[PDB]
Structures are given as C-alpha cells and as structure tokens.
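Now for the letters of each chain:
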Amino acid sequence: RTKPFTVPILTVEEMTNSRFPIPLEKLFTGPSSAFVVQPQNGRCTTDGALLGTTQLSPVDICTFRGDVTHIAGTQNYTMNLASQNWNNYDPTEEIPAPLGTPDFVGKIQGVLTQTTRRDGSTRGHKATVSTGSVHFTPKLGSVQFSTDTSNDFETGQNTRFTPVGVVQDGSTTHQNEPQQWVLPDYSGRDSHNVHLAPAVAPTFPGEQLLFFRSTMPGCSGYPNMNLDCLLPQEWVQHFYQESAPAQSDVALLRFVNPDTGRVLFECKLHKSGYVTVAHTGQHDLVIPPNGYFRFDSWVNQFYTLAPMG
Amino acid sequence: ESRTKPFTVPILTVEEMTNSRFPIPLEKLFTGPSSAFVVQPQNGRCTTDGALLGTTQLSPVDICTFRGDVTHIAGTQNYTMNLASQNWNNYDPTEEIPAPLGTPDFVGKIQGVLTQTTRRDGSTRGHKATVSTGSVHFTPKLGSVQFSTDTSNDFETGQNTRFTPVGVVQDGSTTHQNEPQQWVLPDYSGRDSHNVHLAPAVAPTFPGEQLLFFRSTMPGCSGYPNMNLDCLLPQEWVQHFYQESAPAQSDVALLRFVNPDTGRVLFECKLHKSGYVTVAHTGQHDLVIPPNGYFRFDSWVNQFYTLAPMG
Ligand SMILES: CC(=O)N[C@H]1[C@@H](O[C@H]2[C@@H](O)[C@@H](CO)O[C@@H](O)[C@@H]2O[C@@H]2O[C@@H](C)[C@@H](O)[C@@H](O)[C@@H]2O)O[C@H](CO)[C@H](O)[C@@H]1O
Ligand SMILES: CC(=O)N[C@H]1[C@@H](O[C@H]2[C@@H](O)[C@@H](CO)O[C@@H](O)[C@@H]2O[C@@H]2O[C@@H](C)[C@@H](O)[C@@H](O)[C@@H]2O)O[C@H](CO)[C@H](O)[C@@H]1O
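Residues numbered from 1 in each chain as written, not as in the entry; some residues may be left out. Chains lettered and ligands numbered in written order. Heavy atoms only, no water. Residues with missing side-chain atoms left out of burial classes, pairs and counts.

Engineer: Could you clarify how one ought to interpret the UniProt feature "binding site: Zn(2+) 1" (unreviewed entry) in chain A in this entry?
Structural biologist: Residues and elements named next belong to chain A. According to UniProt, the feature "binding site: Zn(2+) 1" (unreviewed entry) maps to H70 in the numbering used here. In this structure, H70 sits in strand β2 (residues 64-70). A residue is classified by how much of its surface remains accessible, and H70, at 30% relative accessible area, is partly exposed. Reaching out from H70, the side chain makes a polar contact with the backbone oxygen of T74 at a distance of 3.0 Å. (UniProt positions renumbered as here; feature names shortened; annotations may be inferred. Helix = DSSP H or I, 4+ residues; strand = E, 2+ residues; numbered from the N terminus. Buried < 20%, exposed > 50% of the residue type's maximum accessible area, 1.4 Å probe, protein only. Polar contact = N/O pair within 3.5 Å; in protein donor to acceptor, adjacent residues only side chain to side chain.)

Okay, structure coming up:
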C-alpha cells in the first residue's frame, strides 16, 4: 500500500524548537482566537512540503550572513544578506524572506563575527537586531544591527550573526516584548508580506491548538520568553525525509507513558502541519519526561478526541 | 543472510546537514592522512545501529552548551558554574560517560554568552563569557567548569544560568592558528585524573585508505585561531541511526555519493559499523561535489573490499 506515516519516537525534551535554536521544554495549550497564529518557521505538511520560511537546519534559525557597512555617526551596521552558503540572496524567489528568518517581532541579541580574508584575522561583538524596526527588510536583502563598536568590523568581509536570546526595555511594561504572534514586515513599512504559510486555527468544538513550547534566554530586561512552535524541528525534518502521503484529514497521535504503558492523551495532527487537543483553557501539560508521541491512524476531521487530562 | 529492516542514511546534501562537534552547518568534505595525530572526538560518535558513544547526545543545539548555577570568584571576573543536566536536574558524575553529554571535545577557548533569569521576577541579564577547555579549572566530569567574563557583580547565585557557544579565540601575539587544537581531548576531570569511558580513537587500517571528514569553519571572535572543525558523522546521521537502529549485517556499509540530477556516482566510501567514514586516497584533498549530491547506502561488504579510488 502507500508508504506508512510516522512521527519520530522522541520525547519532548529530546527535541528542538523550530522557531529559535534551543530545545523544547514543554507542551502548552490555550485558546487562540485573540491572536494570529501564523508563524513561518516550523511549517511543514505531514507529507513533507516545507512552507513559509522553513528550512532543515536546527541551528541556522534566526542567523544572518553577509557583508556589513558601518552607518556613520552611530554604533550600527547594515548587513547585505547572502545565502546560507555565501551565495547571493535572491529577493525574487517566491518566499516571504530568506529561509530561517526570524518570524516574530522582538529584539534578538547575539554576536556578530568576522574573519578577514587576506590574513584569517577574527573579530566578534555583541549585536542586536530589532525585527519590528523600519530597517528590518530581510526580503529586500538587508537588515540592520546595533552593536557596541564603531570601528572594528571591516567592509567586504564575511560576517555572521549568532542568535543568543531576547531583550526588553525594563522601564516599560514587563513582558511586552517580544511578540511571538506578530510577523515582522519582511520588506519594511507599507509593504505586504508575500507567500506566507497560512494562519491556522482549531476548527472543531472543544478543541485548542497544542503548542511545543520553549523558553527563550533573556539577555536584558523583563522579556516575554515564551516561544510556541507548531511542529518540533525534528518533525519537520522527519516529514521531509519520509514524504508519506496523507490518507485522510488528520493523523491521530497517542502520547504514551512508557513506564505505565498507558495512553495519556490523544491529539490530531492535521495534514498541513499542526496539532489540536480537546481542552478549554490555558494549560501547561504535566507529562512524564520519557513520554513520547506514536501515530495511530488516519481519521476524519470529525473524529472526537477524548478530553485531554 | 539475515531478514531485517534495511539500513539507510538520510537523504541530505552536505550543506543541508549540521556539524556534530559544534552547533553550526557542515560546509564541505575533506580527506587527509591522520597518523600524525589522535583522532578521538567524543561528540558525533554513534554506531551504525544506533548506540550513542562518548559524550554524544541528540540535540544539534545543545553541543558545547552548559547550564547550572553560578558563583563569583572574589577579585576576578570569573565565575564557577555547577553544571546541571540538559533538563536542569543534577549532573550525575557517576553515570558511565566521559563528561556531561554535549561537553566540548577539544582543547581551546570557546567564546559565547552567559545568560540568566531571576526566577521570582523574570529579570534577565547576559554577558560575554569564555570557557577555556584546557584550563586546570575545566572539570566537567566532576560537575564543575569556569568562565571568564566582563563583569564582577551582575550574576546572581542560585539562579538558572546558561552558556551559548558562539565561537573560538586565539592570542594574536602568539603563533597564529596555534589553538584551538581540535584533536586534543580536554582533561574532563582536571589534571591528575584520567579520562574514562571514551569512544575509541579511529584509524583507517586498510591499505590506501583515509578518513573522510565532515568539515565546518568555526566562527572566530578574536586573534588568528584555527577554525577548522572536522567530525566523523554529521549530526543528522547520529540522529537517524539512533532512531532507526537498523541491524548491521557486516562491519562495513558501502555508500555511494550520488548526483541525483544525472544519476552519476561521484565516489564511493566505507561507513564503518563503529561509526566513521574512509575513502581510497592518499594526500590532503578538498572534495569537489555537486551541491545537490548526497550519500546512498548500497550494501554491506566484508573485510576484504577495495574501494574504487576517489577522484
Ligand atoms: C544592554 C545593556 O546595556 N545592559 C547593561 C545594563 O543593564 C541594564 C540597562 O540596560 C538598563 C538601561 O537603562 O536597563 C536595565 O533593565 C538593565 O538591567 C538588566 O535587566 C535588569 C532587569 C537586571 O536583570 C539586570 O541584571 C540587567 O543588567 O547595565 C547593567 C548594569 O548592571 C549591565 O552592565 C548590563 O550589561
Ligand atoms: C576578546 C577581546 O577582548 N577582543 C577585543 C580585543 O581584540 C584584540 C585584543 O585581544 C588584542 C590583545 O591585546 O589582540 C588583538 O589582536 C585583538 O584584535 C582582534 O584580532 C585582530 C587581528 C583583529 O581581527 C581585531 O578585529 C580583533 O578584535 O580588542 C579589540 C580592539 O578593538 C576588540 O575590542 C576586541 O573585541
């Protein structure tokens, strides 16, 4: 028959957040009609099509490579983006932004590094990229960093940003940023994002999205550190390898505790890449650390889940 | 002879894959003699049938990281970190592995950032920090490691602290490229205590044959450091082998590196059961590959198999 569908046998803690390069920590559910769930990283159909700005590398998420140019009279640099392999980035490719581009509005702190080609000399400096900034225009091929130097980086040299965590301004409302559910303007002010992966939503009574949650490192302030993704990076990687044809609307998963051998809850993995559970309210799931997801069968949308604990 | 689930390697091009000794992408394939040095990395070690070895674990982002609580050292800019595990539980020094899974497997100074959150009010701080793995204070297998930084009063005690690696450093007024030293193991328990539970040293033992290395270029943050980093298995292969666990029918898996456009086979190589790759070649060589090529398992062969010379 057709190639059988599967999800990785991996506990939540062995897996990686698909929207920022750190491990998953937990499963969280809550109502989502008050915000727009349209992330562009961590988007993949169950049969293996990548969507949005999603790519395979768990470490190249929220990274940037290119050449930098000082902005006279400031401590900021403009980076002209190059591709993941140092090729030119093409703005006309039909994606929202370079694959891996961050998909939330926030200030991401990380380190800008550079080797000088003629001698192998090296430099590294603290740098922030502000994704809601008017100069965040990855889709046009350009992004801007604020740093703690003014003369160190050289023009025409390979430069790389490594993300570390996020930042918020402490004299304003605690946890007011980042805003994990607002996409940046990939092309700047007054321009529409294009080729986005579809916003998603529960579409059955009783049901809520299930999120795979990490905590972002915080570098300064009182940032909102929560980061929910719709698929672990390892699942994206798996669906891409397997390419199993979806046989109905939903793949029914069981989350099992191997110590008791008992199913703890079931959920729906929709064909176009996210999960729902039967629950009303915000809930941090309590799970055994060695619990894992296993595919059960392909069922219709109208399948009724047993209430999640 | 044996009716079991067929062994395979991920269908991924070199550039789609991740280095298994530092969290960055693979760049290229490289081969060369290695009798002058000891090849014994402890990350990116895994058997073809799924047995993680050394200090190797599954996460591509958790290599070279560290978690724990920190403690200031009076009159310096250094902190001592007590390590916890990947889940914030206590490091168990008696677990039978050489050091906490993911610990750096080479001698060098890795620069990165130490971050912290205060549990009770959500406040956060982050500072530039370097860990020197050759230092007498590098004792991860004893639960402890040390960081140099640019602050003496910011980090709190008793609070969750995290180190994200970024790159490596070297002192410019000394011999260029003299560090890091990617083939020297740290002393995991410090001086005057031996390394234990190591994944074994590897060597091509077949006439005409060399190791095939998966190579990246670590970011340099200062000076003239040696930025090459070679690993024996891409992280995605370690991940695949652990998941699949396909039984080995011999000690050697024959792989062909294929160009899927044309169907043509570029070269063939041995993927040994214990976990590294060899090719038939003499001399240092940067492989030239079509950017969409990928590896394909073709069959199990015996001890006596001679590989077609690699370009
Ligand atoms: C980004 C930066 O310059 N950080 C240094 C600075 O940290 C404080 C300032 O950034 C300040 C701006 O006027 O905002 C403060 O909130 C911030 O403090 C940081 O966040 C608070 C809640 C605490 O968690 C602090 O530990 C943390 O630094 O100045 C401090 C002086 O202690 C450091 O130099 C930072 O490197
Ligand atoms: C790690 C660190 O503190 N780096 C800063 C420091 O870098 C210079 C010093 O480390 C100096 C020792 O007295 O050695 C210099 O070589 C080094 O410069 C670094 O390497 C040279 C070859 C160039 O590539 C530089 O771009 C690079 O920084 O001091 C410099 C001075 O500008 C910077 O602050 C570094 O952040």
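Engineer: What exactly am I supposed to notice about the nonpolar core here?
Structural biologist: In a soluble, globular protein the nonpolar side chains are often hidden away together inside. By size, the foremost hydrophobic cluster in this structure holds 38 residues, and its most contacted members are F7(B), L29(B), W237(B), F267(B), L271(B) and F295(B). For this core, the elements supplying multiple residues, two or more each, are β1 (28-32), β8 (209-217), α1 (235-244), β11 (252-258), β12 (265-272), β13 (277-280) and β15 (294-301) of chain B. In terms of residue count, β8(B) provides more of this core than any other element does, 4 residues in total. The residues contacting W237(B), other than those within four sequence positions of it, are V9(B), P10(B), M17(B), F214(B), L255(B), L271(B), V277(B) and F295(B). Counting residues in each nonpolar core, the second largest holds 30 residues, with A244(A), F265(A), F295(A) and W298(A) among its members. (Core = buried A, V, L, I, M, F, W, Y, C linked by side-chain atoms within 4.5 Å. Contact = heavy atoms within 4.5 Å.)

Engineer: Teacher, can you tell me more about the site of ligand 1 here?
Structural biologist: The immediate surroundings of ligand 1 are formed by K126(A), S220(A), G221(A), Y222(A), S123(B), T124(B), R125(B), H127(B) and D154(B). The environment of ligand 1 is shared, with nearby residues belonging to chains A and B. Between an oxygen atom of ligand 1 and a main-chain N or O atom of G221(A), the distance comes to 3.2 Å. At 3.1 Å, a backbone N or O of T124(B) approaches an oxygen atom of ligand 1. Those elements that place two or more of their residues in the shell around ligand 1 are β9 (218-221) of chain A together with β5 (124-132) of chain B. By residue number, the principal contributor to the shell around ligand 1 is β5(B), which donates 3 residues. (Near = heavy atom within 4 Å.)

Engineer: Is there a simple way to explain the UniProt feature "binding site: Zn(2+) 1" (unreviewed entry) in chain B in this structure?
Structural biologist: Residues and elements named next belong to chain B. In this numbering, the UniProt entry assigns the feature "binding site: Zn(2+) 1" (unreviewed entry) to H72. One can find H72 in strand β2 (residues 66-72). Assessed through its relative accessible area of 29%, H72 is described here as partly exposed. When near neighbours in sequence (up to four residues on either side) are disregarded, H72 contacts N78, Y79 and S152. A distance of 2.9 Å separates the side chain of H72 from the backbone oxygen of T76, its partner in a polar contact.

Engineer: Hey, could you run me through the site of ligand 2 in this one?
Structural biologist: The immediate surroundings of ligand 2 are formed by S121(A), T122(A), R123(A), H125(A), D152(A), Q111(B), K128(B), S222(B), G223(B) and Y224(B). Ligand 2 is flanked by residues contributed from chains A and B. Backbone polar atom of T122(A) to an oxygen atom of ligand 2: 3.0 Å apart, as the coordinates give it. For ligand 2, an oxygen atom lies 3.1 Å from a polar atom in the side chain of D152(A). In isolation ligand 2 has 660 Å² of accessible area, and contact with the protein removes 49% of it. For the shell around ligand 2, the element with the most residues is strand β5 (residues 122-130) of chain A, which contributes 3 residues. (Areas by Shrake-Rupley, 256 points an atom, 1.4 Å probe, with all protein chains shown as cover.)

Engineer: What am I meant to see in α1(B) here?
Structural biologist: In an α-helix, one turn spans 3.6 residues; hence positions three or four apart end up facing the same way. Taken across its 10 residues, α1(B) has 7 buried, putting it largely inside the fold. Along α1(B), the residues that are buried comprise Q235(B), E236(B), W237(B), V238(B), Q239(B), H240(B) and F241(B). Contacts from the buried residues of α1(B) go to α1 (233-242) of chain A together with β8, β11, β12, β13 and β15 of chain B.

Engineer: Help me understand the UniProt feature "binding site: Zn(2+) 3" (unreviewed entry) in chain B, please; the structure alone is not making it clear to me.
Structural biologist: All names here are of chain B. When the UniProt feature table is mapped onto this chain, "binding site: Zn(2+) 3" (unreviewed entry) is found at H127 and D150. In summary, the annotated positions, though distributed over 24 residues, converge in three dimensions, the widest C-alpha pair being only 6.9 Å. Secondary-structure assignment places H127 in strand β5. The residue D150 is located in the loop between β6 (144-149) and β7 (161-169) in this model. Its relative accessible area of 48% is what places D150 among the partly exposed residues. Among all residues touching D150, those that are not within four sequence positions of it are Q77 and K128.

Engineer: Please explain α1(A) as it appears in this structure.
Structural biologist: Of all the 10 residues making up α1(A), 7 are buried; the element is thus mostly covered by neighbouring parts of the structure. Looking only at α1(A), the buried set comprises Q233(A), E234(A), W235(A), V236(A), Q237(A), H238(A) and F239(A). On its buried face, α1(A) sits against β8 (207-215), β11 (250-257), β12 (262-270), β13 (275-278) and β15 (292-299) of chain A together with α1 of chain B. Within two residues after α1(A), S243(A) carries a phi angle of roughly 50°, on the positive side.

Engineer: Teacher, can you tell me more about the domain arrangement of chain B here?
Structural biologist: Interfaces are often sized by the amount of accessible area the parts lose when they come together. All names here are of chain B. Domain parsing of chain B yields domain 1 (1-62 + 170-311) and domain 2 (63-169). The distance between the C-alpha centroids of domain 1 and domain 2 comes to 28 Å. Residue-level contacts link 41 residues of domain 1 with 36 residues of domain 2. For the pair domain 1 and domain 2, the summed buried area comes to about 3,100 Å², and 57% of that belongs to carbon and sulfur atoms. Three residues stand out in domain 1 for area buried against domain 2, namely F22, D62 and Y188, and they jointly supply 22% of the buried area on that side. Our enumeration of links across domain 1 and domain 2 arrives at 3 salt bridges. At the boundary of domain 1 with domain 2, the tally comes to 16 residue pairs in polar contact. The element that contributes the greatest number of residues to the side of domain 1 that touches domain 2 is strand β9 (residues 220-223), accounting for 3 residues. Looking at the side of domain 1 that touches domain 2, its residues break down into 18 nonpolar, 18 polar and 5 charged. (Domains from an automatic or database assignment. Buried area = accessible area lost by both parts, 1.4 Å probe. Salt bridge = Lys/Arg side-chain N within 4 Å of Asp/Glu carboxyl O. Nonpolar A, V, L, I, M, F, W, Y, C, P; charged D, E, K, R; others polar.)

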